[PDB]
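Q: Okay, so the sequence shown: first residue is 76 according to this note's numbering, each after it adds one. Every residue gets a Cβ at the ideal spot worked out from N, C-alpha and C, and that includes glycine. Handing you a structure now.
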Amino acid sequence: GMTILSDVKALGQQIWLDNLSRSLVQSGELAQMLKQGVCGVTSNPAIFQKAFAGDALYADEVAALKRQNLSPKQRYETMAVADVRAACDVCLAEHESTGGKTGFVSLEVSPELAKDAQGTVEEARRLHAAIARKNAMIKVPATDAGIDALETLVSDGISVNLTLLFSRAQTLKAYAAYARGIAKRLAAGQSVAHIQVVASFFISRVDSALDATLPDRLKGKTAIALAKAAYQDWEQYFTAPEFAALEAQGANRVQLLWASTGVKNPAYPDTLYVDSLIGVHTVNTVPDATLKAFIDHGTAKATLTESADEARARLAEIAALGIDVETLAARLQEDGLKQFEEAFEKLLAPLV
C-alpha cells in the first residue's frame, strides 16, 4: 500500500519519480505525490522526448515558441526549464522542511557537452540560474570531463546529480572531486550546508548487458551485487577521517541514487531493484510503472547491506568469467550518451 513510501523513508531512503511532464505538474498530481511520500523528480532527454511527444499541454507552448526567433535547443530549453521550475515550486515545501535535503528536481545538460568540461560548467551554471530555484539539481554525465565539471560546480555552490555511473572506480573519483570542491569552499569561508550531490548509479542496464551469456546462478544478480559493493565503498569513503573533517564543518555526504530501476527482463519480479536496494542515506528514482508496482506489492526492508559477502563472491565470479566490470561500465556510459543524444535529436526535430 501507499504507506510503503513512508516505511522506506524510515529506512533512510528517498523515492523519487523518474518522470516529468507539463501535465504531471499542472494537473496537481505531483503536488499530491509529494504529500504521499514521493520526495523528488528526475528527468533526462528521453523523458522529455516522450513527454513532449505525448502530453497535449505542450502543443500551445510549441506554437507560441514557433512564433519567436529561437533555435530548436532554446525552444526545448524554454519548455523544459518551465516544467522544472514549476516542479521545483511544487517540491519546495518538502525541500525546505528537511533543511534542503529532499525535494529536488533534476535537469540534464545537453549530451553533446559530455566530454567538454568547460562547456558543461557554462551550461550548468546557466541552467541553474535560469531555473532560479534552490531545489534544482543540474544533471551531468559522470565522464572524466563531468567529474572535472563537478568539482567546479560544487565550488560554485551548485547542487549536482552526477549521472550515467556504472563503475565503482568512477564513483569514487566523483566523491574525491566533490570533496575537493567542498574543501575549496570551506577554505574560502563559503557555505556548504546547502550543497547536495547525488551519484546516479544505473542498475538494469548492467543485467541487460550480461544476462544472456551468464551462468544460471548469476543471471539477474550482477547489477544488485555491483550496487551493494558501491554502497560499501560509500560507507568507507564518507566515514573516513578525511571526509569526517569536512562533515564536521557542515558538508553533506554525496548520496548514492539508484537509477534505471525499472525491471527490463520479464523473468524478474517488477519490484526486484527497488526491493533489493533499500538502505540508509540513499535515493531510488523510479518510473511511474515501477512506483505503482512497489506500492502494490513491494517490500520495505533494509536489503541494501544484506549479504554483502555474497555480492563480493558474485563479483569475483563475474571477473572469473572474464567480464571486466570497468570495461563494461565505460561501454554502458558511452551507449547511454549515444541513446540520450538520439532522444534529444528526436525531440528537437518537431521544434524546428
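Using the C-alpha atoms, what's the distance from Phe369 back to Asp345?
A: 8 Å
Q: How is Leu182 classed by DSSP in three states: helix, strand or coil?
A: Looking at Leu182 - three-state DSSP - the assignment turns out to be strand.
Q: Using a Cβ-Cβ cutoff of less than 7 Å, which residues in the same chain neighbour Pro362 once the five nearest sequence positions on both sides are dropped?
A: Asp93, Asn94 and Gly337
Q: Is the stretch 282 to 295 in contact with the stretch 262 to 270, if contact means three or more CB pairs nearer than 8 Å?
A: The stretch 282 to 295 is not in contact with the stretch 262 to 270.
Q: If you scan the stretch 211 to 237 from start to end, which runs of the alpha helix (DSSP H) of 4 or more residues do you find wholly inside it?
A: 219 to 230
Q: Thinking residue 58 and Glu169 are a contact (beta carbons under 8 Å), I'd like their distance in whole angstroms, please.
A: For residue 58 there is no data in the structure shown, the boundaries of the chain being 76 and 427.
Q: Look up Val273 in the DSSP assignment and say whether it is helix, strand or coil.
A: Strand at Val273.
Q: Within a Cβ cutoff of 6 Å, which residues of the same chain sit near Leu99, ignoring the five residues on either side of it in sequence?
A: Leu105
Q: By the DSSP assignment, the beta strand (DSSP E) with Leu331 in it spans what residues?
A: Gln330 to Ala334
Q: On the CB-based measure, 16 or more other CB atoms within 10 Å of its CB, does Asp399 come out buried or exposed?
A: exposed
Q: For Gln124, does the three-state DSSP call read helix, strand or coil?
A: helix
Q: What's the gap between the Cα of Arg255 and the Cα of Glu226?
A: Distance between the alpha carbons of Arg255 and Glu226: 6 Å.
Q: Express the C-alpha separation of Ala134 and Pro147 in angstroms, rounding to a whole number.
A: When only Cα atoms are considered, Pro147 and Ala134 end up about 15 Å apart.
Q: Hey, out of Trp333, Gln324, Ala364 and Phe179, whose CA is closest to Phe276's CA?
A: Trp333
Q: How far does the beta strand (DSSP E) with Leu92 in it reach, from first residue to last?
A: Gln88 to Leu92
Q: Per DSSP, what are the beta-bridge partners of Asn340 in this structure?
A: For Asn340, which the question treats as bridged, DSSP gives no partner whatsoever.
Q: Terminal residues of the continuous alpha helix (DSSP H) containing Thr357?
A: From DSSP, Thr357 is part of no alpha helix (DSSP H) but of the beta strand (DSSP E) over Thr357 to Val361.
Q: Three Cβ pairs or more, each shorter than 8 Å: is that satisfied between the stretch 416 to 427 and the stretch 115 to 127?
A: yes
Q: Along the chain, where does the beta strand (DSSP E) that runs through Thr374 open and close?
A: No beta strand (DSSP E) contains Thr374, which DSSP labels as neither H nor E.
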